[PDB]
Amino acid sequence: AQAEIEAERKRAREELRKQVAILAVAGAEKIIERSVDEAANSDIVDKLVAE
Amino acid sequence: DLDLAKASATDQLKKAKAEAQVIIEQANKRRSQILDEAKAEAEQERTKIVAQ
């Protein structure tokens, strides 16, 4: 019985973590979309063209 | 009376053995009862613990 309760605790913890993962990464997406500058895009491209 | 003693010895043996068999089947039954009681107690214990 305690093993089955532990399995359900695992389930609930993972579900909560996955919801916060989705929303956190979506917020990161919107941040990166709004907060950007050419002096940063050129830096990213200059890191890419290095290899 | 010698052959009657023969029959008496054999009848006594078989009577004692059939008398032991009822003791044994009794133990088997008690066992079947007490293990059912234990299983039911365990089941109700699980129900309450999981509901908690």
# chains A, B, ... in the order shown; residues from 1 in each chain; ligands from 1
>>> interface_residues(of="chain A", to="chain B", cutoff="12 Å", atoms="only C-alpha atoms", output="ChimeraX atom specification")
/A:1-6,8-9
>>> atom_distance(atom1="CA of residue 10 (chain A)", atom2="CA of residue 28 (chain A)")
26.5 Å
>>> atom_distance(atom1="CA of residue 39 (chain B)", atom2="CA of residue 25 (chain B)")
21.2 Å
>>> atom_distance(atom1="CA of residue 28 (chain B)", atom2="CA of residue 9 (chain B)")
29.0 Å
>>> decode(residues="chain B", atoms="C-alpha atoms", output="PDB file, in the first residue's frame")
ATOM      1  CA  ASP B   1      -9.609 -65.571  20.020  1.00  0.00           C
ATOM      2  CA  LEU B   2      -6.193 -65.351  18.336  1.00  0.00           C
ATOM      3  CA  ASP B   3      -7.749 -64.370  15.004  1.00  0.00           C
ATOM      4  CA  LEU B   4     -10.145 -62.097  16.876  1.00  0.00           C
ATOM      5  CA  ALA B   5      -7.099 -60.399  18.422  1.00  0.00           C
ATOM      6  CA  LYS B   6      -5.673 -60.031  14.910  1.00  0.00           C
ATOM      7  CA  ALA B   7      -8.855 -58.294  13.778  1.00  0.00           C
ATOM      8  CA  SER B   8      -8.860 -56.195  16.957  1.00  0.00           C
ATOM      9  CA  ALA B   9      -5.319 -54.939  16.384  1.00  0.00           C
ATOM     10  CA  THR B  10      -6.093 -54.023  12.775  1.00  0.00           C
ATOM     11  CA  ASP B  11      -9.427 -52.361  13.576  1.00  0.00           C
ATOM     12  CA  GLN B  12      -7.766 -50.415  16.395  1.00  0.00           C
ATOM     13  CA  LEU B  13      -4.995 -49.186  14.091  1.00  0.00           C
ATOM     14  CA  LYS B  14      -7.423 -48.015  11.420  1.00  0.00           C
ATOM     15  CA  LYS B  15      -9.742 -46.414  13.984  1.00  0.00           C
ATOM     16  CA  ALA B  16      -6.848 -44.460  15.490  1.00  0.00           C
ATOM     17  CA  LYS B  17      -5.737 -43.329  12.034  1.00  0.00           C
ATOM     18  CA  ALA B  18      -9.201 -42.174  10.969  1.00  0.00           C
ATOM     19  CA  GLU B  19      -9.378 -40.411  14.346  1.00  0.00           C
ATOM     20  CA  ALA B  20      -6.130 -38.555  13.634  1.00  0.00           C
ATOM     21  CA  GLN B  21      -7.407 -37.520  10.213  1.00  0.00           C
ATOM     22  CA  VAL B  22     -10.232 -35.489  11.784  1.00  0.00           C
ATOM     23  CA  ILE B  23      -7.711 -33.642  13.968  1.00  0.00           C
ATOM     24  CA  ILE B  24      -5.697 -32.773  10.875  1.00  0.00           C
ATOM     25  CA  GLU B  25      -8.523 -31.677   8.667  1.00  0.00           C
ATOM     26  CA  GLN B  26      -9.570 -29.524  11.613  1.00  0.00           C
ATOM     27  CA  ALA B  27      -6.164 -27.813  11.659  1.00  0.00           C
ATOM     28  CA  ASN B  28      -6.363 -27.256   7.914  1.00  0.00           C
ATOM     29  CA  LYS B  29      -9.780 -25.609   8.288  1.00  0.00           C
ATOM     30  CA  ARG B  30      -8.722 -23.414  11.206  1.00  0.00           C
ATOM     31  CA  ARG B  31      -5.839 -22.334   9.037  1.00  0.00           C
ATOM     32  CA  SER B  32      -8.160 -21.483   6.153  1.00  0.00           C
ATOM     33  CA  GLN B  33     -10.289 -19.416   8.544  1.00  0.00           C
ATOM     34  CA  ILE B  34      -7.509 -17.474  10.257  1.00  0.00           C
ATOM     35  CA  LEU B  35      -5.724 -16.653   7.002  1.00  0.00           C
ATOM     36  CA  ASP B  36      -8.987 -15.257   5.623  1.00  0.00           C
ATOM     37  CA  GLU B  37      -9.350 -13.109   8.739  1.00  0.00           C
ATOM     38  CA  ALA B  38      -5.782 -11.851   8.316  1.00  0.00           C
ATOM     39  CA  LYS B  39      -6.350 -11.010   4.653  1.00  0.00           C
ATOM     40  CA  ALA B  40      -9.539  -9.104   5.460  1.00  0.00           C
ATOM     41  CA  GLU B  41      -7.853  -7.087   8.210  1.00  0.00           C
ATOM     42  CA  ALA B  42      -5.018  -6.246   5.810  1.00  0.00           C
ATOM     43  CA  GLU B  43      -7.506  -5.160   3.144  1.00  0.00           C
ATOM     44  CA  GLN B  44      -9.387  -2.806   5.461  1.00  0.00           C
ATOM     45  CA  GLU B  45      -6.063  -1.451   6.743  1.00  0.00           C
ATOM     46  CA  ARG B  46      -5.058  -0.643   3.169  1.00  0.00           C
ATOM     47  CA  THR B  47      -8.382   1.052   2.455  1.00  0.00           C
ATOM     48  CA  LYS B  48      -8.043   3.397   5.422  1.00  0.00           C
ATOM     49  CA  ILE B  49      -4.334   4.112   4.921  1.00  0.00           C
ATOM     50  CA  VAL B  50      -4.777   4.951   1.232  1.00  0.00           C
ATOM     51  CA  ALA B  51      -7.821   7.112   1.949  1.00  0.00           C
ATOM     52  CA  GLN B  52      -5.555   9.036   4.330  1.00  0.00           C
TER      53      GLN B  52
END
